[PDB]
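Data file: input_2.txt. Format and content: compact mmCIF, C-alpha atoms and all ligand atoms.
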```txt
# COMPACT_ATOMS: atom_id res chain seq x y z
CA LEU A 14 -1.12 20.97 5.85
CA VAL A 15 -0.62 20.62 2.04
CA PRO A 16 0.16 16.92 1.04
CA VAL A 17 3.66 16.04 -0.17
CA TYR A 18 3.67 14.42 -3.66
CA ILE A 19 6.90 12.51 -4.38
CA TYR A 20 7.76 13.23 -8.01
CA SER A 21 10.46 14.15 -10.56
CA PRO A 22 10.39 13.38 -14.35
CA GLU A 23 13.60 11.24 -13.88
CA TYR A 24 11.87 9.13 -11.13
CA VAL A 25 8.76 8.57 -13.32
CA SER A 26 10.86 7.69 -16.45
CA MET A 27 12.87 5.13 -14.35
CA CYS A 28 9.66 3.51 -12.90
CA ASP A 29 8.12 3.37 -16.43
CA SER A 30 10.87 0.77 -17.33
CA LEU A 31 9.68 -1.71 -14.64
CA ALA A 32 8.84 -5.21 -16.02
CA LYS A 33 5.12 -6.02 -15.58
CA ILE A 34 3.97 -2.34 -15.22
CA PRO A 35 5.29 -0.50 -18.38
CA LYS A 36 4.52 3.26 -18.45
CA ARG A 37 2.36 2.85 -15.28
CA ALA A 38 4.18 5.66 -13.38
CA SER A 39 3.58 8.13 -16.36
CA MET A 40 -0.05 7.08 -16.62
CA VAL A 41 -0.65 7.71 -12.88
CA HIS A 42 1.24 11.04 -12.80
CA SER A 43 -0.30 12.39 -16.08
CA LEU A 44 -3.88 11.57 -14.93
CA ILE A 45 -3.24 13.31 -11.55
CA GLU A 46 -1.76 16.23 -13.62
CA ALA A 47 -4.76 16.24 -16.07
CA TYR A 48 -7.13 16.70 -13.07
CA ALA A 49 -4.76 19.56 -11.84
CA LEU A 50 -4.24 17.78 -8.42
CA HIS A 51 -0.48 18.51 -8.38
CA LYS A 52 -1.36 22.29 -8.00
CA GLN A 53 -3.00 21.39 -4.64
CA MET A 54 0.14 19.50 -3.43
CA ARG A 55 3.83 20.11 -2.51
CA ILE A 56 6.03 18.53 -5.24
CA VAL A 57 9.08 17.00 -3.57
CA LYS A 58 11.96 15.49 -5.62
CA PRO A 59 12.95 11.96 -4.49
CA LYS A 60 16.53 11.45 -3.28
CA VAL A 61 18.20 8.14 -4.37
CA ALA A 62 18.76 5.83 -1.33
CA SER A 63 22.38 5.43 -0.24
CA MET A 64 23.91 1.98 0.46
CA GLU A 65 23.72 2.78 4.24
CA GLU A 66 20.00 3.74 4.15
CA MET A 67 19.16 0.50 2.24
CA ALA A 68 21.35 -1.40 4.78
CA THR A 69 19.05 -0.22 7.66
CA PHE A 70 17.04 -3.31 6.62
CA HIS A 71 18.79 -5.21 3.78
CA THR A 72 22.04 -7.14 4.36
CA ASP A 73 25.25 -5.79 2.80
CA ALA A 74 25.76 -9.19 0.97
CA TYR A 75 22.22 -9.07 -0.47
CA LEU A 76 22.72 -5.39 -1.59
CA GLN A 77 26.08 -6.35 -3.16
CA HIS A 78 24.26 -9.36 -4.78
CA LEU A 79 21.63 -6.96 -6.19
CA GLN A 80 24.45 -4.82 -7.80
CA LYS A 81 25.96 -7.94 -9.52
CA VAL A 82 22.55 -9.20 -10.82
CA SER A 83 21.84 -5.71 -12.35
CA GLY A 107 19.72 -2.33 -13.82
CA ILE A 108 17.55 -3.55 -10.89
CA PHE A 109 19.85 -2.05 -8.19
CA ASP A 110 19.23 1.48 -9.60
CA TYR A 111 15.37 1.04 -9.71
CA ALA A 112 15.56 -0.36 -6.13
CA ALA A 113 17.67 2.55 -4.79
CA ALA A 114 15.40 5.13 -6.56
CA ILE A 115 12.08 3.63 -5.20
CA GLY A 116 13.48 3.05 -1.68
CA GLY A 117 14.85 6.61 -1.77
CA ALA A 118 11.45 8.03 -2.80
CA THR A 119 9.78 6.27 0.17
CA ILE A 120 12.54 7.45 2.58
CA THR A 121 12.05 11.06 1.29
CA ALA A 122 8.27 10.84 2.05
CA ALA A 123 9.08 9.56 5.60
CA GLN A 124 11.62 12.47 6.01
CA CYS A 125 9.01 15.12 4.98
CA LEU A 126 6.67 13.57 7.62
CA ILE A 127 9.50 13.56 10.28
CA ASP A 128 10.31 17.25 9.54
CA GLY A 129 6.64 18.32 9.93
CA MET A 130 6.46 19.54 6.29
CA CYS A 131 3.12 17.67 5.87
CA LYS A 132 0.63 15.25 7.50
CA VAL A 133 0.28 13.10 4.30
CA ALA A 134 3.20 12.20 1.93
CA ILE A 135 2.59 10.14 -1.30
CA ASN A 136 4.87 7.77 -3.26
CA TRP A 137 2.54 5.92 -5.73
CA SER A 138 5.59 4.06 -7.18
CA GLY A 139 6.35 2.29 -3.82
CA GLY A 140 4.75 -0.53 -1.77
CA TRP A 141 7.13 -3.40 -2.75
CA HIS A 142 5.94 -5.43 0.29
CA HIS A 143 7.28 -8.98 -0.42
CA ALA A 144 11.06 -8.24 -0.22
CA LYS A 145 12.95 -9.71 2.75
CA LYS A 146 16.26 -8.82 4.52
CA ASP A 147 18.42 -10.96 2.22
CA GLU A 148 16.09 -12.25 -0.49
CA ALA A 149 13.92 -10.84 -3.23
CA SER A 150 10.41 -12.30 -3.89
CA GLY A 151 7.16 -11.67 -5.74
CA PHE A 152 8.93 -9.07 -8.02
CA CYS A 153 10.07 -7.10 -4.91
CA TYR A 154 13.89 -6.58 -4.81
CA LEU A 155 13.91 -3.95 -2.07
CA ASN A 156 11.32 -3.36 0.70
CA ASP A 157 10.75 0.39 0.46
CA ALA A 158 7.85 0.17 2.98
CA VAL A 159 10.20 -1.29 5.68
CA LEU A 160 12.73 1.47 4.87
CA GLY A 161 9.97 4.15 5.21
CA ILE A 162 8.76 2.69 8.59
CA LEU A 163 12.38 2.69 9.96
CA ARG A 164 12.90 6.39 9.00
CA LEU A 165 9.51 7.27 10.67
CA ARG A 166 10.70 5.51 13.91
CA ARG A 167 13.31 8.36 14.23
CA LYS A 168 10.47 10.63 15.51
CA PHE A 169 7.35 8.42 15.92
CA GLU A 170 7.30 5.82 18.78
CA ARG A 171 4.63 3.48 17.37
CA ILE A 172 3.93 2.83 13.65
CA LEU A 173 0.84 1.19 12.21
CA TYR A 174 1.34 -0.38 8.80
CA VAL A 175 -1.92 -1.07 6.93
CA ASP A 176 -1.73 -3.16 3.71
CA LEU A 177 -4.80 -3.11 1.42
CA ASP A 178 -3.02 -4.75 -1.60
CA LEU A 179 -4.65 -8.05 -2.83
CA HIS A 180 -1.48 -9.89 -1.58
CA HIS A 181 -0.28 -10.49 1.99
CA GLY A 182 2.47 -7.94 2.88
CA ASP A 183 4.70 -10.75 4.16
CA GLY A 184 8.06 -8.97 3.90
CA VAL A 185 6.87 -6.04 6.05
CA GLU A 186 5.20 -8.35 8.60
CA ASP A 187 8.35 -10.56 8.74
CA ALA A 188 10.63 -7.46 9.16
CA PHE A 189 8.70 -6.32 12.27
CA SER A 190 7.44 -9.76 13.54
CA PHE A 191 9.48 -9.63 16.80
CA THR A 192 8.58 -6.04 17.83
CA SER A 193 5.54 -4.47 19.53
CA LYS A 194 6.80 -1.02 18.27
CA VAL A 195 5.40 -1.58 14.73
CA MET A 196 1.99 -3.19 14.19
CA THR A 197 1.22 -4.61 10.74
CA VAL A 198 -2.36 -5.13 9.49
CA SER A 199 -2.97 -6.89 6.15
CA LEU A 200 -6.27 -7.54 4.37
CA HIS A 201 -5.53 -9.98 1.53
CA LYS A 202 -6.80 -12.95 -0.52
CA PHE A 203 -5.88 -16.15 1.34
CA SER A 204 -6.49 -19.27 -0.72
CA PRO A 205 -4.56 -22.44 -1.75
CA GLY A 206 -2.01 -21.72 -4.46
CA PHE A 207 -2.44 -17.93 -4.10
CA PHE A 208 0.94 -16.11 -3.58
CA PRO A 209 2.64 -15.87 -1.05
CA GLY A 210 0.41 -18.45 0.72
CA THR A 211 0.93 -16.79 4.10
CA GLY A 212 -1.10 -14.55 6.40
CA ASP A 213 -3.75 -16.71 8.08
CA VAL A 214 -5.68 -15.23 11.04
CA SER A 215 -3.43 -17.46 13.31
CA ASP A 216 -0.28 -15.58 12.07
CA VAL A 217 0.28 -13.10 14.90
CA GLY A 218 4.05 -12.49 15.06
CA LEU A 219 6.49 -13.77 17.71
CA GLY A 220 8.08 -13.10 21.09
CA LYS A 221 7.26 -9.61 22.42
CA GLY A 222 5.67 -8.90 19.00
CA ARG A 223 3.10 -11.69 19.58
CA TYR A 224 -0.37 -10.32 18.65
CA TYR A 225 1.24 -7.21 16.98
CA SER A 226 0.76 -8.78 13.47
CA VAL A 227 -2.91 -8.82 12.22
CA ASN A 228 -4.00 -10.85 9.19
CA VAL A 229 -7.45 -10.66 7.65
CA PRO A 230 -7.88 -13.65 5.18
CA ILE A 231 -10.48 -12.86 2.49
CA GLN A 232 -12.01 -14.91 -0.37
CA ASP A 233 -12.63 -13.94 -4.05
CA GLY A 234 -15.44 -11.69 -5.22
CA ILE A 235 -15.54 -9.26 -2.24
CA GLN A 236 -17.31 -5.94 -3.04
CA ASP A 237 -16.89 -2.38 -1.56
CA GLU A 238 -19.46 -2.41 1.28
CA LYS A 239 -18.39 -5.78 2.87
CA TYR A 240 -14.66 -4.91 2.44
CA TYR A 241 -15.19 -1.49 4.14
CA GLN A 242 -17.24 -3.10 7.00
CA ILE A 243 -14.37 -5.66 7.58
CA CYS A 244 -11.65 -2.99 7.36
CA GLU A 245 -13.48 -0.43 9.60
CA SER A 246 -14.19 -3.22 12.15
CA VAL A 247 -10.48 -4.30 12.38
CA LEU A 248 -8.94 -0.82 12.27
CA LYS A 249 -11.29 0.49 14.99
CA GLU A 250 -10.14 -2.35 17.34
CA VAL A 251 -6.45 -1.93 16.26
CA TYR A 252 -6.42 1.85 16.76
CA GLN A 253 -7.72 1.58 20.40
CA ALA A 254 -5.36 -1.28 21.46
CA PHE A 255 -2.19 0.01 19.75
CA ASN A 256 -2.71 3.83 19.77
CA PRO A 257 -0.40 4.56 16.71
CA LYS A 258 1.67 7.79 16.34
CA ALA A 259 2.17 7.42 12.51
CA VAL A 260 0.70 5.33 9.65
CA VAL A 261 2.14 3.65 6.52
CA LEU A 262 -0.68 2.69 4.13
CA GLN A 263 -0.10 0.38 1.12
CA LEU A 264 -2.94 0.73 -1.44
CA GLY A 265 -2.16 -1.81 -4.20
CA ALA A 266 -4.84 -1.52 -6.98
CA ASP A 267 -4.75 -5.27 -7.69
CA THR A 268 -8.03 -5.68 -5.70
CA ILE A 269 -9.88 -3.59 -8.38
CA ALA A 270 -12.45 -5.32 -10.66
CA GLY A 271 -10.84 -5.95 -14.10
CA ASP A 272 -7.31 -6.63 -12.81
CA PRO A 273 -5.47 -9.69 -14.39
CA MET A 274 -5.20 -11.02 -10.75
CA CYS A 275 -9.00 -11.61 -11.28
CA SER A 276 -9.78 -12.15 -7.53
CA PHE A 277 -11.57 -9.29 -5.67
CA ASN A 278 -14.46 -7.22 -7.05
CA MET A 279 -13.60 -3.80 -5.55
CA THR A 280 -13.88 -0.27 -6.94
CA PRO A 281 -11.75 2.78 -5.86
CA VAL A 282 -14.86 4.00 -3.90
CA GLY A 283 -14.43 1.05 -1.45
CA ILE A 284 -10.66 1.62 -0.97
CA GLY A 285 -11.36 5.41 -0.78
CA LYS A 286 -13.64 4.82 2.25
CA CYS A 287 -10.89 2.81 4.10
CA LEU A 288 -8.48 5.65 3.25
CA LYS A 289 -10.96 8.35 4.42
CA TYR A 290 -11.55 6.47 7.73
CA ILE A 291 -7.71 6.38 8.38
CA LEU A 292 -7.35 10.07 7.41
CA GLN A 293 -9.77 11.00 10.28
CA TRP A 294 -7.00 9.90 12.75
CA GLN A 295 -5.07 13.01 11.60
CA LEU A 296 -1.79 11.16 12.12
CA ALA A 297 1.34 11.45 9.97
CA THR A 298 0.43 9.14 7.02
CA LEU A 299 2.87 7.73 4.39
CA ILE A 300 0.85 6.64 1.26
CA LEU A 301 2.24 3.88 -1.03
CA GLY A 302 1.07 2.21 -4.21
CA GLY A 303 1.58 -1.51 -4.88
CA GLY A 304 0.30 -4.15 -7.33
CA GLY A 305 -2.02 -3.28 -10.22
CA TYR A 306 -1.73 -4.80 -13.72
CA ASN A 307 -4.73 -3.17 -15.46
CA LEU A 308 -2.74 0.07 -16.01
CA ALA A 309 -5.66 2.44 -16.75
CA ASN A 310 -7.69 1.08 -13.77
CA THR A 311 -4.61 1.55 -11.48
CA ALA A 312 -4.26 5.22 -12.63
CA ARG A 313 -8.10 5.72 -12.27
CA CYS A 314 -7.81 4.31 -8.69
CA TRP A 315 -4.77 6.28 -7.45
CA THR A 316 -6.04 9.51 -9.11
CA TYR A 317 -9.43 9.10 -7.38
CA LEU A 318 -7.55 8.32 -4.09
CA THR A 319 -5.38 11.42 -4.46
CA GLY A 320 -8.72 13.31 -4.78
CA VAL A 321 -9.89 11.61 -1.51
CA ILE A 322 -6.66 12.89 0.26
CA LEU A 323 -7.22 16.42 -1.17
CA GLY A 324 -10.95 16.19 -0.28
CA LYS A 325 -11.67 17.11 -3.94
CA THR A 326 -14.39 15.53 -6.06
CA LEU A 327 -13.31 14.67 -9.57
CA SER A 328 -15.28 14.94 -12.80
CA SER A 329 -16.41 11.50 -14.07
CA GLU A 330 -15.11 12.41 -17.57
CA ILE A 331 -11.40 11.68 -18.10
CA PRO A 332 -9.79 14.99 -19.23
CA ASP A 333 -7.73 14.88 -22.44
CA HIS A 334 -4.01 14.23 -21.85
CA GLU A 335 -1.10 12.12 -23.23
CA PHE A 336 -2.84 8.78 -22.35
CA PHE A 337 -6.54 9.66 -22.95
CA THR A 338 -6.91 6.77 -25.49
CA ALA A 339 -5.98 4.22 -22.76
CA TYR A 340 -9.33 5.04 -21.00
CA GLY A 341 -11.54 3.85 -23.87
CA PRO A 342 -14.27 3.05 -24.75
CA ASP A 343 -16.12 4.89 -21.86
CA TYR A 344 -13.40 7.39 -20.93
CA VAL A 345 -14.73 7.64 -17.33
CA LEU A 346 -12.94 7.50 -13.93
CA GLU A 347 -15.55 5.13 -12.36
CA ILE A 348 -14.97 1.33 -12.30
CA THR A 349 -17.79 -1.21 -12.61
CA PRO A 350 -17.77 -4.53 -10.60
CA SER A 351 -17.76 -7.75 -12.66
CA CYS A 352 -20.29 -10.57 -12.71
CA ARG A 353 -18.88 -13.00 -10.12
CA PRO A 354 -19.98 -14.47 -6.77
CA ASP A 355 -18.89 -13.06 -3.41
CA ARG A 356 -17.22 -16.14 -1.84
CA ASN A 357 -17.16 -14.56 1.68
CA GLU A 358 -19.71 -16.34 3.89
CA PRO A 359 -21.12 -14.03 6.67
CA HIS A 360 -20.40 -16.65 9.41
CA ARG A 361 -16.74 -17.13 8.35
CA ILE A 362 -16.17 -13.30 8.39
CA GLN A 363 -17.56 -13.16 11.99
CA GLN A 364 -15.37 -16.17 12.99
CA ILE A 365 -12.35 -14.21 11.54
CA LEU A 366 -13.29 -10.88 13.29
CA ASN A 367 -13.92 -12.74 16.64
CA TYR A 368 -10.51 -14.44 16.43
CA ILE A 369 -8.84 -11.01 15.79
CA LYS A 370 -10.74 -9.51 18.78
CA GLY A 371 -9.37 -12.41 20.88
CA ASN A 372 -5.80 -11.68 19.71
CA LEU A 373 -6.15 -7.92 20.38
CA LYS A 374 -6.93 -8.71 24.11
CA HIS A 375 -3.08 -9.16 24.48
CA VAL A 376 -2.29 -5.79 22.77
CA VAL A 377 -1.73 -2.84 25.22
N1 LIG B 401 1.54 -6.81 -4.64
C1 LIG B 401 2.44 -7.78 -5.30
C2 LIG B 401 3.91 -7.29 -5.41
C3 LIG B 401 4.07 -5.87 -5.94
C4 LIG B 401 4.32 -4.78 -5.07
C5 LIG B 401 4.50 -3.48 -5.61
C6 LIG B 401 4.37 -3.26 -6.99
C7 LIG B 401 4.08 -4.34 -7.86
CL1 LIG B 401 3.87 -4.10 -9.56
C8 LIG B 401 3.99 -5.65 -7.34
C9 LIG B 401 1.93 -8.28 -6.68
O1 LIG B 401 1.10 -7.55 -7.24
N2 LIG B 401 2.35 -9.44 -7.28
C10 LIG B 401 3.34 -10.37 -6.67
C11 LIG B 401 2.84 -11.83 -6.77
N3 LIG B 401 2.41 -12.17 -8.15
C12 LIG B 401 2.94 -13.15 -8.95
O2 LIG B 401 2.53 -13.40 -10.09
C13 LIG B 401 4.05 -14.03 -8.46
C14 LIG B 401 5.39 -13.55 -8.41
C15 LIG B 401 6.41 -14.41 -7.95
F1 LIG B 401 7.70 -13.98 -7.90
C16 LIG B 401 6.11 -15.73 -7.55
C17 LIG B 401 4.80 -16.23 -7.63
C18 LIG B 401 3.77 -15.36 -8.08
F2 LIG B 401 2.50 -15.81 -8.14
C19 LIG B 401 1.32 -11.30 -8.66
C20 LIG B 401 1.88 -9.85 -8.64
K K B 402 -2.65 -6.73 1.80
K K B 403 5.00 -6.40 14.82
ZN ZN B 404 -0.42 -7.31 -4.95
```

Is it possible to express this structure as structure tokens?
Ligand SMILES: N[C@H](Cc1cccc(Cl)c1)C(=O)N1CCN(C(=O)c2cc(F)ccc2F)CC1
Ligand SMILES: [K+]
Ligand SMILES: [K+]
Ligand SMILES: [Zn+2]
Amino acid sequence: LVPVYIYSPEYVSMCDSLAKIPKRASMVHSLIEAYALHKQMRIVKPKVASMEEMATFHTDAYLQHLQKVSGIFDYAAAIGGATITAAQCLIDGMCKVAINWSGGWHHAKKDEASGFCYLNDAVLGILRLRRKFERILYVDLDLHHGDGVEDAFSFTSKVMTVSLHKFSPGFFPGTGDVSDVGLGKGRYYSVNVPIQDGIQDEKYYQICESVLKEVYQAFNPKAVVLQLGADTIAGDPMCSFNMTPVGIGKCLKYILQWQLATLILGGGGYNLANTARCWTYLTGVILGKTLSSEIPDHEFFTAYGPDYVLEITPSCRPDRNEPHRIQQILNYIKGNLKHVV
């Protein structure tokens, strides 16, 4: 079917006022619009999340605390609502792929905010999907460990979380080692792929394809939630991984072959123009459309200078991922997946 694109000018204007990502939502939407990708998609207005929908995960006391600390409660309800709307379109069979580039706030816990995440829209989207889909696979390709999502579903074998992230001393949130596998009946239903700085497209895709192939066979998912934070992209202030959207695009294309109901989320990404270049290219991957290298003129054309191209170039830095450590990591995951049925 035609992909669902979660959008309204009110939703974009609200997300533009977010702290460390000013005007990022407008930049992403206007680049997608400049490439005429919105014409190939079903524009769906996001509904604002009600107190009850947010309370499917968050405590009433924390939600009430969020109201008192606010305009953060309104941003939270709007983003959580946009993710719930994408899950609803998927539930209703309106589409096979539903996109909310302004979501993916993966660090937020039941009764505590963290890492700039005040509400876990991903958890809220997974819960709505569980209304029709028996098993959900959450895949997190953001530079950071999706700890809030993993923690939310740590006890259950009904939702499997897979996170590929930088895992190094003093690197936030500090969690997600290969030995972190969930608890109780959910033991071995949490997968963590610790990665070092300087990773490039080919090695990242080989790691990701290798884990997902094993995960898909052991878990047999009925729906997917995919978090695609652009903070892994070369040139990001995070200054860790050395990826391009071509590498992430391959992970995305591999997952799309499953032909399962897929909920697409954004995430981190502080180089604003590179984030928009990434998510625009990725929207082209979903639509199976190849984009012209030249950025078309639009409201934010000047932000793409001095090359004005969609392609991203890796930086001059070493790949700190030793081939023997990667195989030790993959072998340990294969050992864990022997307990997944
Ligand atoms: N993917 C995450 C969270 C996210 C998800 C969706 C959209 C956005 Cl815009 C951001 C991320 O990009 N972070 C959180 C952690 N970071 C921090 O500086 C940091 C923040 C803290 F509260 C404490 C210590 C820290 F070190 C770096 C930025
Ligand atoms: K991740
Ligand atoms: K789990
Ligand atoms: Zn991140």

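Computed from the coordinates, the atom CA of residue 19 of chain A to atom CA of residue 309 of chain A distance equals 20.3 Å.
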
Between A:25, A:366, A:292, A:127, smallest distance to residue 200 of chain A by all atoms listed in the file belongs to A:366

Using all atoms listed in the file, find each residue with an atom at most 10 Å away from ligand K 403 (chain B) and format the answer as a PDB file with C-alpha atoms, in the coordinates of the input.
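Result went into pocket_10.pdb, see below:
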```pdb
ATOM      1  CA  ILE A 172       3.930   2.830  13.650  1.00  0.00           C
ATOM      2  CA  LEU A 173       0.840   1.190  12.210  1.00  0.00           C
ATOM      3  CA  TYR A 174       1.340  -0.380   8.800  1.00  0.00           C
ATOM      4  CA  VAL A 185       6.870  -6.040   6.050  1.00  0.00           C
ATOM      5  CA  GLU A 186       5.200  -8.350   8.600  1.00  0.00           C
ATOM      6  CA  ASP A 187       8.350 -10.560   8.740  1.00  0.00           C
ATOM      7  CA  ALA A 188      10.630  -7.460   9.160  1.00  0.00           C
ATOM      8  CA  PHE A 189       8.700  -6.320  12.270  1.00  0.00           C
ATOM      9  CA  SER A 190       7.440  -9.760  13.540  1.00  0.00           C
ATOM     10  CA  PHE A 191       9.480  -9.630  16.800  1.00  0.00           C
ATOM     11  CA  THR A 192       8.580  -6.040  17.830  1.00  0.00           C
ATOM     12  CA  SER A 193       5.540  -4.470  19.530  1.00  0.00           C
ATOM     13  CA  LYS A 194       6.800  -1.020  18.270  1.00  0.00           C
ATOM     14  CA  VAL A 195       5.400  -1.580  14.730  1.00  0.00           C
ATOM     15  CA  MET A 196       1.990  -3.190  14.190  1.00  0.00           C
ATOM     16  CA  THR A 197       1.220  -4.610  10.740  1.00  0.00           C
ATOM     17  CA  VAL A 198      -2.360  -5.130   9.490  1.00  0.00           C
ATOM     18  CA  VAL A 217       0.280 -13.100  14.900  1.00  0.00           C
ATOM     19  CA  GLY A 218       4.050 -12.490  15.060  1.00  0.00           C
ATOM     20  CA  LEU A 219       6.490 -13.770  17.710  1.00  0.00           C
ATOM     21  CA  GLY A 220       8.080 -13.100  21.090  1.00  0.00           C
ATOM     22  CA  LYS A 221       7.260  -9.610  22.420  1.00  0.00           C
ATOM     23  CA  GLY A 222       5.670  -8.900  19.000  1.00  0.00           C
ATOM     24  CA  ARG A 223       3.100 -11.690  19.580  1.00  0.00           C
ATOM     25  CA  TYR A 224      -0.370 -10.320  18.650  1.00  0.00           C
ATOM     26  CA  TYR A 225       1.240  -7.210  16.980  1.00  0.00           C
ATOM     27  CA  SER A 226       0.760  -8.780  13.470  1.00  0.00           C
ATOM     28  CA  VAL A 227      -2.910  -8.820  12.220  1.00  0.00           C
TER      29      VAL A 227
END
```

Kindly work out which residues sit at most 7 Å from ligand ZN 404 (chain B), using all atoms listed in the file, and give the list as a ChimeraX atom specification. /A:178-180,265,267,303-305

Spatial neighbours of residue 113 of chain A, 10 Å, all atoms listed in the file, chain gap at least 5 places, as an mmCIF file with C-alpha atoms, keeping the file's coordinate frame:
```cif
data_model
loop_
_atom_site.group_PDB
_atom_site.id
_atom_site.type_symbol
_atom_site.label_atom_id
_atom_site.label_comp_id
_atom_site.auth_asym_id
_atom_site.auth_seq_id
_atom_site.Cartn_x
_atom_site.Cartn_y
_atom_site.Cartn_z
ATOM 1 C CA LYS A 60 16.530 11.450 -3.280
ATOM 2 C CA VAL A 61 18.200 8.140 -4.370
ATOM 3 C CA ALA A 62 18.760 5.830 -1.330
ATOM 4 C CA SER A 63 22.380 5.430 -0.240
ATOM 5 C CA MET A 64 23.910 1.980 0.460
ATOM 6 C CA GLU A 66 20.000 3.740 4.150
ATOM 7 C CA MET A 67 19.160 0.500 2.240
ATOM 8 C CA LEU A 76 22.720 -5.390 -1.590
ATOM 9 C CA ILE A 108 17.550 -3.550 -10.890
ATOM 10 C CA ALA A 118 11.450 8.030 -2.800
ATOM 11 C CA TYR A 154 13.890 -6.580 -4.810
ATOM 12 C CA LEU A 155 13.910 -3.950 -2.070
ATOM 13 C CA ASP A 157 10.750 0.390 0.460
#
```

Within 10 Å of ligand LIG 401 (chain B) (counting only C-alpha atoms and all ligand atoms), which residues show up? I'd like them as JSON, numbers by chain. {"A": [31, 32, 33, 34, 35, 37, 137, 138, 139, 140, 141, 142, 143, 144, 149, 150, 151, 152, 153, 154, 156, 157, 158, 176, 177, 178, 179, 180, 181, 182, 201, 206, 207, 208, 209, 210, 263, 264, 265, 266, 267, 268, 273, 274, 301, 302, 303, 304, 305, 306]}
